[PDB]
>>> print(open('my_file11.csv').read())   # CSV, C-alpha atoms
chain,number,residue,atom,x,y,z
K,1,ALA,CA,85.4,153.7,93.2
K,2,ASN,CA,82.4,151.7,92.1
K,3,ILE,CA,82.5,148.2,93.6
K,4,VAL,CA,81.4,145.6,91.0
K,5,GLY,CA,82.1,141.9,91.1
K,6,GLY,CA,84.9,140.7,88.8
K,7,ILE,CA,86.9,144.0,88.6
K,8,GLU,CA,90.6,144.3,89.2
K,9,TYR,CA,92.2,145.5,92.5
K,10,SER,CA,95.8,145.4,93.7
K,11,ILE,CA,97.1,144.4,97.1
K,12,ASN,CA,99.9,146.4,98.6
K,13,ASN,CA,100.8,147.7,95.2
K,14,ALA,CA,101.9,144.2,94.2
K,15,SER,CA,99.5,141.3,93.3
K,16,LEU,CA,96.2,141.6,91.4
K,17,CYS,CA,92.9,139.9,92.2
K,18,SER,CA,89.3,140.3,91.3
K,19,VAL,CA,86.4,141.6,93.5
K,20,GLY,CA,83.9,139.0,94.7
K,21,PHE,CA,80.8,140.7,95.9
K,22,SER,CA,79.7,144.0,97.5
K,23,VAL,CA,78.7,143.5,101.1
K,24,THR,CA,78.0,145.5,104.3
K,25,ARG,CA,78.8,144.6,107.9
K,26,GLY,CA,76.5,147.0,109.7
K,27,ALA,CA,77.4,150.6,108.7
K,28,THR,CA,80.7,149.3,107.2
K,29,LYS,CA,81.1,148.8,103.5
K,30,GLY,CA,83.2,146.0,101.9
K,31,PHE,CA,83.7,143.3,99.4
K,32,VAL,CA,84.3,139.5,99.7
K,33,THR,CA,87.3,138.0,97.9
K,34,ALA,CA,89.8,135.1,98.1
K,35,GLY,CA,91.9,134.7,101.3
K,36,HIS,CA,95.1,134.1,99.3
K,37,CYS,CA,94.7,137.6,97.8
K,38,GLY,CA,95.9,139.5,100.9
K,39,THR,CA,96.9,139.6,104.5
K,40,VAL,CA,95.5,141.1,107.7
K,41,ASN,CA,94.9,144.8,106.9
K,42,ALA,CA,96.9,144.9,103.6
K,43,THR,CA,95.9,147.9,101.4
K,44,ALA,CA,93.6,147.4,98.4
K,45,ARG,CA,93.6,149.7,95.4
K,46,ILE,CA,91.3,150.3,92.5
K,47,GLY,CA,92.2,152.8,89.8
K,48,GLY,CA,95.4,153.4,91.6
K,49,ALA,CA,93.6,154.8,94.6
K,50,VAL,CA,93.3,153.3,98.1
K,51,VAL,CA,89.8,151.9,98.8
K,52,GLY,CA,90.2,149.8,101.9
K,53,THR,CA,92.1,147.1,103.8
K,54,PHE,CA,91.8,143.3,104.3
K,55,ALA,CA,89.6,143.1,107.4
K,56,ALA,CA,90.0,139.4,107.8
K,57,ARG,CA,91.0,136.2,106.0
K,58,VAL,CA,91.3,132.4,106.2
K,59,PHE,CA,93.9,130.8,104.0
K,60,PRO,CA,94.8,128.0,103.6
K,61,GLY,CA,92.3,125.4,105.0
K,62,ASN,CA,89.6,127.6,103.5
K,63,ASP,CA,90.1,130.5,101.0
K,64,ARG,CA,88.2,133.6,102.0
K,65,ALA,CA,88.5,137.2,103.0
K,66,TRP,CA,86.7,140.5,103.1
K,67,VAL,CA,88.1,144.0,102.4
K,68,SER,CA,86.7,146.7,104.6
K,69,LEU,CA,86.2,149.8,102.5
K,70,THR,CA,86.0,153.5,103.5
K,71,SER,CA,82.7,155.3,103.1
K,72,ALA,CA,84.0,156.9,99.9
K,73,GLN,CA,83.4,153.8,97.8
K,74,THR,CA,80.1,153.0,96.1
K,75,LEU,CA,78.7,149.5,96.7
K,76,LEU,CA,76.8,147.9,93.8
K,77,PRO,CA,74.6,144.7,93.4
K,78,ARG,CA,76.6,143.9,90.2
K,79,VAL,CA,79.0,141.4,88.6
K,80,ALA,CA,80.8,142.4,85.4
K,81,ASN,CA,79.8,140.7,82.1
K,82,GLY,CA,81.8,142.4,79.4
K,83,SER,CA,80.8,146.1,79.4
K,84,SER,CA,77.4,145.1,81.0
K,85,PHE,CA,76.3,143.6,84.3
K,86,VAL,CA,74.6,140.7,86.1
K,87,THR,CA,72.5,141.8,89.0
K,88,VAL,CA,73.2,140.1,92.3
K,89,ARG,CA,69.7,139.0,93.5
K,90,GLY,CA,70.6,136.6,96.3
K,91,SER,CA,72.8,133.8,97.5
K,92,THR,CA,70.8,130.6,96.9
K,93,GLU,CA,73.4,127.8,96.4
K,94,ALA,CA,73.0,126.0,93.1
K,95,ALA,CA,73.1,122.2,93.0
K,96,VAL,CA,75.6,120.0,91.1
K,97,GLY,CA,74.6,120.0,87.4
K,98,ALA,CA,73.6,123.7,87.4
K,99,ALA,CA,74.9,126.3,85.0
K,100,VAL,CA,77.1,128.9,86.6
K,101,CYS,CA,79.4,131.8,85.3
K,102,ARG,CA,82.3,133.6,86.9
K,103,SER,CA,83.9,137.0,86.5
K,104,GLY,CA,87.5,138.1,86.8
K,105,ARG,CA,90.1,140.6,85.4
K,106,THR,CA,92.1,138.0,83.4
K,107,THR,CA,89.6,135.8,81.6
K,108,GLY,CA,86.6,138.1,82.0
K,109,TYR,CA,83.1,136.4,82.2
K,110,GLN,CA,83.1,132.7,81.6
K,111,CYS,CA,80.3,130.1,82.0
K,112,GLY,CA,80.0,126.4,82.6
K,113,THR,CA,78.4,123.9,85.0
K,114,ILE,CA,78.9,122.6,88.5
K,115,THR,CA,80.6,119.2,88.3
K,116,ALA,CA,81.2,118.5,92.0
K,117,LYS,CA,81.3,119.8,95.6
K,118,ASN,CA,83.5,119.3,98.7
K,119,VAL,CA,86.6,119.3,96.4
K,120,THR,CA,90.2,119.6,97.8
K,121,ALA,CA,92.9,121.9,96.5
K,122,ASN,CA,96.3,121.0,97.7
K,123,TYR,CA,97.9,124.4,97.1
K,124,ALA,CA,101.6,125.4,97.6
K,125,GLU,CA,100.6,126.9,100.9
K,126,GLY,CA,98.6,123.9,102.2
K,127,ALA,CA,95.3,122.2,101.6
K,128,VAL,CA,92.0,124.0,101.0
K,129,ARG,CA,89.1,121.6,101.4
K,130,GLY,CA,85.4,122.1,100.9
K,131,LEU,CA,85.6,123.9,97.6
K,132,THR,CA,83.0,123.6,94.8
K,133,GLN,CA,84.1,122.7,91.2
K,134,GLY,CA,82.7,124.1,88.0
K,135,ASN,CA,84.0,123.7,84.5
K,136,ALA,CA,83.9,127.3,83.4
K,137,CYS,CA,87.4,128.4,82.5
K,138,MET,CA,89.7,130.8,84.5
K,139,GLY,CA,93.3,132.1,84.8
K,140,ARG,CA,95.9,133.9,86.8
K,141,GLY,CA,94.3,137.0,88.3
K,142,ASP,CA,90.7,135.8,88.3
K,143,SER,CA,91.2,134.8,92.0
K,144,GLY,CA,88.6,136.3,94.3
K,145,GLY,CA,86.2,137.0,91.5
K,146,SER,CA,82.5,136.3,91.5
K,147,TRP,CA,80.9,133.0,90.7
K,148,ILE,CA,77.2,133.7,90.0
K,149,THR,CA,74.3,132.0,88.1
K,150,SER,CA,72.7,133.7,85.1
K,151,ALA,CA,69.6,134.1,87.4
K,152,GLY,CA,71.7,136.3,89.7
K,153,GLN,CA,72.4,134.0,92.7
K,154,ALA,CA,75.9,134.6,94.1
K,155,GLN,CA,77.7,131.3,94.5
K,156,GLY,CA,81.2,132.0,95.8
K,157,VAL,CA,84.6,133.4,95.0
K,158,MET,CA,87.4,132.2,92.7
K,159,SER,CA,89.9,130.1,94.6
K,160,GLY,CA,92.0,128.2,92.0
K,161,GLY,CA,92.1,125.9,89.0
K,162,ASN,CA,94.2,123.5,86.9
K,163,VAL,CA,96.1,126.3,85.1
K,164,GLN,CA,97.7,125.2,81.9
K,165,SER,CA,101.1,126.4,80.7
K,166,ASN,CA,99.7,129.7,79.3
K,167,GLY,CA,98.0,130.5,82.6
K,168,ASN,CA,94.4,129.5,82.3
K,169,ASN,CA,92.3,126.5,81.4
K,170,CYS,CA,90.3,128.1,78.6
K,171,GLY,CA,92.5,126.4,76.0
K,172,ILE,CA,91.4,122.9,77.0
K,173,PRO,CA,87.8,121.5,76.8
K,174,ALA,CA,85.4,121.9,79.7
K,175,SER,CA,85.8,118.1,80.3
K,176,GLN,CA,89.3,118.7,81.6
K,177,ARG,CA,88.7,121.8,83.6
K,178,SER,CA,88.9,121.9,87.4
K,179,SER,CA,87.9,125.4,88.4
K,180,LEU,CA,87.4,125.8,92.1
K,181,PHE,CA,85.4,128.4,94.2
K,182,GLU,CA,85.0,129.0,97.9
K,183,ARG,CA,81.3,128.9,98.8
K,184,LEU,CA,79.8,132.3,99.6
K,185,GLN,CA,77.5,131.4,102.5
K,186,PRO,CA,80.2,130.4,105.0
K,187,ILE,CA,82.1,133.6,104.2
K,188,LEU,CA,78.9,135.7,104.9
K,189,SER,CA,78.1,134.0,108.2
K,190,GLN,CA,81.7,133.9,109.5
K,191,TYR,CA,82.1,137.6,109.1
K,192,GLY,CA,78.5,138.7,109.7
K,193,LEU,CA,78.2,140.1,106.2
K,194,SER,CA,75.1,141.0,104.2
K,195,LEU,CA,75.1,140.7,100.4
K,196,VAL,CA,74.2,143.9,98.5
K,197,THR,CA,71.4,143.0,96.1
K,198,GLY,CA,69.2,144.5,93.5
>>> encode(input="my_file11.csv", output="structure tokens")
Amino acid sequence: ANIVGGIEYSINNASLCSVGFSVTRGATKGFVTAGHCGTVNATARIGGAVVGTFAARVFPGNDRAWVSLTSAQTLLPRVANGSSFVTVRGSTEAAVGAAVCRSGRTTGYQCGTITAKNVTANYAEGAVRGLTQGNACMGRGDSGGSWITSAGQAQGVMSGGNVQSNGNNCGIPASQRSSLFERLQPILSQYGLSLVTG
């Protein structure tokens, strides 16, 4: 399969999540995503076919993971924006006040701004501290998906948000949205990953 940020993938033929970013660990291919999406060596599928397994994860506390893909997959420096793409050009972290979009299989491509950093998410499983908060909307299934600026700087992966009764926070104004992402840089360094760029 072609590995593009924001696309859908299943875990052990059960839950769905979204791809974060294409990365390599030496000769190994892979993609970063959210830690709550899978467990150590769980099987990931795209298009109903096996693509790789969860090589590592940290959830809760943090919310990160990377899926180790077989050589058959094609890594791409892309993030889905409708039928088109946003090129991944780097990983410069944007400051509070910056615009930033996100990509996922449920709400697609959504944009907003960064309202805060070092935010806490007291999830059902436990706390997840150190997250960054934007006001772009999101919903159930967007987890693991890419957060990237329109300039192409990869920011992190979708962790969680104040989901309303229908499942997302797109129905309420940005002023009420708490959409949270796990910063990309600590994921890259912890697992010795290199971001695939174009």
>>> closest_residue(input="my_file11.csv", among="K:165, K:43, K:62, K:74", to="residue 23 in chain K", atoms="all atoms listed in the file")
K:74
>>> atom_distance(input="my_file11.csv", atom1="CA of residue 159 in chain K", atom2="CA of residue 71 in chain K")
27.6 Å
>>> atom_distance(input="my_file11.csv", atom1="CA of residue 5 in chain K", atom2="CA of residue 123 in chain K")
24.3 Å
>>> residues_near_point(input="my_file11.csv", point="(92.6, 116.0, 86.1)", cutoff="12 Å", atoms="only C-alpha atoms", output="list in words")
residues 121, 133, 135, 161, 162, 163, 164, 169, 172, 173, 174, 175, 176, 177, 178 and 179 of chain K
>>> atom_distance(input="my_file11.csv", atom1="CA of residue 107 in chain K", atom2="CA of residue 170 in chain K")
8.3 Å
>>> closest_residue(input="my_file11.csv", among="K:98, K:42, K:51, K:34", to="residue 3 in chain K", atoms="all atoms listed in the file")
K:51
>>> residues_near_point(input="my_file11.csv", point="(94.8, 128.1, 98.7)", cutoff="12 Å", atoms="only C-alpha atoms", output="PDB file with C-alpha atoms, in the coordinates of the input")
ATOM      1  CA  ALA K  34      89.800 135.100  98.100  1.00  0.00           C
ATOM      2  CA  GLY K  35      91.900 134.700 101.300  1.00  0.00           C
ATOM      3  CA  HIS K  36      95.100 134.100  99.300  1.00  0.00           C
ATOM      4  CA  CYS K  37      94.700 137.600  97.800  1.00  0.00           C
ATOM      5  CA  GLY K  38      95.900 139.500 100.900  1.00  0.00           C
ATOM      6  CA  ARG K  57      91.000 136.200 106.000  1.00  0.00           C
ATOM      7  CA  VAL K  58      91.300 132.400 106.200  1.00  0.00           C
ATOM      8  CA  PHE K  59      93.900 130.800 104.000  1.00  0.00           C
ATOM      9  CA  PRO K  60      94.800 128.000 103.600  1.00  0.00           C
ATOM     10  CA  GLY K  61      92.300 125.400 105.000  1.00  0.00           C
ATOM     11  CA  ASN K  62      89.600 127.600 103.500  1.00  0.00           C
ATOM     12  CA  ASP K  63      90.100 130.500 101.000  1.00  0.00           C
ATOM     13  CA  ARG K  64      88.200 133.600 102.000  1.00  0.00           C
ATOM     14  CA  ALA K  65      88.500 137.200 103.000  1.00  0.00           C
ATOM     15  CA  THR K 120      90.200 119.600  97.800  1.00  0.00           C
ATOM     16  CA  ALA K 121      92.900 121.900  96.500  1.00  0.00           C
ATOM     17  CA  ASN K 122      96.300 121.000  97.700  1.00  0.00           C
ATOM     18  CA  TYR K 123      97.900 124.400  97.100  1.00  0.00           C
ATOM     19  CA  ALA K 124     101.600 125.400  97.600  1.00  0.00           C
ATOM     20  CA  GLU K 125     100.600 126.900 100.900  1.00  0.00           C
ATOM     21  CA  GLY K 126      98.600 123.900 102.200  1.00  0.00           C
ATOM     22  CA  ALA K 127      95.300 122.200 101.600  1.00  0.00           C
ATOM     23  CA  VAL K 128      92.000 124.000 101.000  1.00  0.00           C
ATOM     24  CA  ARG K 129      89.100 121.600 101.400  1.00  0.00           C
ATOM     25  CA  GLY K 130      85.400 122.100 100.900  1.00  0.00           C
ATOM     26  CA  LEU K 131      85.600 123.900  97.600  1.00  0.00           C
ATOM     27  CA  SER K 143      91.200 134.800  92.000  1.00  0.00           C
ATOM     28  CA  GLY K 144      88.600 136.300  94.300  1.00  0.00           C
ATOM     29  CA  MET K 158      87.400 132.200  92.700  1.00  0.00           C
ATOM     30  CA  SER K 159      89.900 130.100  94.600  1.00  0.00           C
ATOM     31  CA  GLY K 160      92.000 128.200  92.000  1.00  0.00           C
ATOM     32  CA  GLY K 161      92.100 125.900  89.000  1.00  0.00           C
ATOM     33  CA  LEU K 180      87.400 125.800  92.100  1.00  0.00           C
ATOM     34  CA  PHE K 181      85.400 128.400  94.200  1.00  0.00           C
ATOM     35  CA  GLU K 182      85.000 129.000  97.900  1.00  0.00           C
TER      36      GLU K 182
END
>>> residues_around(input="my_file11.csv", residues="range 6-11 of chain K", least_positions_apart="5", cutoff="7 Å", atoms="all atoms listed in the file", output="mmCIF file with C-alpha atoms, in the frame of the given file")
data_model
loop_
_atom_site.group_PDB
_atom_site.id
_atom_site.type_symbol
_atom_site.label_atom_id
_atom_site.label_comp_id
_atom_site.auth_asym_id
_atom_site.auth_seq_id
_atom_site.Cartn_x
_atom_site.Cartn_y
_atom_site.Cartn_z
ATOM 1 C CA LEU K 16 96.200 141.600 91.400
ATOM 2 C CA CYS K 17 92.900 139.900 92.200
ATOM 3 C CA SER K 18 89.300 140.300 91.300
ATOM 4 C CA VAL K 19 86.400 141.600 93.500
ATOM 5 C CA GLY K 20 83.900 139.000 94.700
ATOM 6 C CA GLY K 38 95.900 139.500 100.900
ATOM 7 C CA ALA K 42 96.900 144.900 103.600
ATOM 8 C CA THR K 43 95.900 147.900 101.400
ATOM 9 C CA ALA K 44 93.600 147.400 98.400
ATOM 10 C CA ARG K 45 93.600 149.700 95.400
ATOM 11 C CA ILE K 46 91.300 150.300 92.500
ATOM 12 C CA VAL K 79 79.000 141.400 88.600
ATOM 13 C CA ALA K 80 80.800 142.400 85.400
ATOM 14 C CA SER K 103 83.900 137.000 86.500
ATOM 15 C CA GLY K 104 87.500 138.100 86.800
ATOM 16 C CA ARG K 105 90.100 140.600 85.400
ATOM 17 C CA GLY K 145 86.200 137.000 91.500
ATOM 18 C CA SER K 146 82.500 136.300 91.500
#
>>> residues_around(input="my_file11.csv", residues="residue 112 in chain K", least_positions_apart="2", cutoff="7 Å", atoms="only C-alpha atoms", output="list in words")
residues 99, 100, 101, 134, 135 and 136 of chain K
>>> residues_around(input="my_file11.csv", residues="residue 22 in chain K", least_positions_apart="6", cutoff="7 Å", atoms="all atoms listed in the file", output="tab-separated table (two decimals) with C-alpha atoms, keeping the file's coordinate frame")
chain	number	residue	atom	x	y	z
K	3	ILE	CA	82.50	148.20	93.60
K	4	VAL	CA	81.40	145.60	91.00
K	30	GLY	CA	83.20	146.00	101.90
K	31	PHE	CA	83.70	143.30	99.40
K	32	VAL	CA	84.30	139.50	99.70
K	75	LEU	CA	78.70	149.50	96.70
K	76	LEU	CA	76.80	147.90	93.80
K	77	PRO	CA	74.60	144.70	93.40
K	195	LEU	CA	75.10	140.70	100.40
K	196	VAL	CA	74.20	143.90	98.50
>>> closest_residue(input="my_file11.csv", among="K:86, K:193, K:95, K:72", to="residue 151 in chain K", atoms="only C-alpha atoms")
K:86
>>> residues_around(input="my_file11.csv", residues="residue 197 in chain K", least_positions_apart="3", cutoff="8 Å", atoms="all atoms listed in the file", output="JSON, numbers by chain")
{"K": [76, 77, 78, 87, 88, 89, 90]}
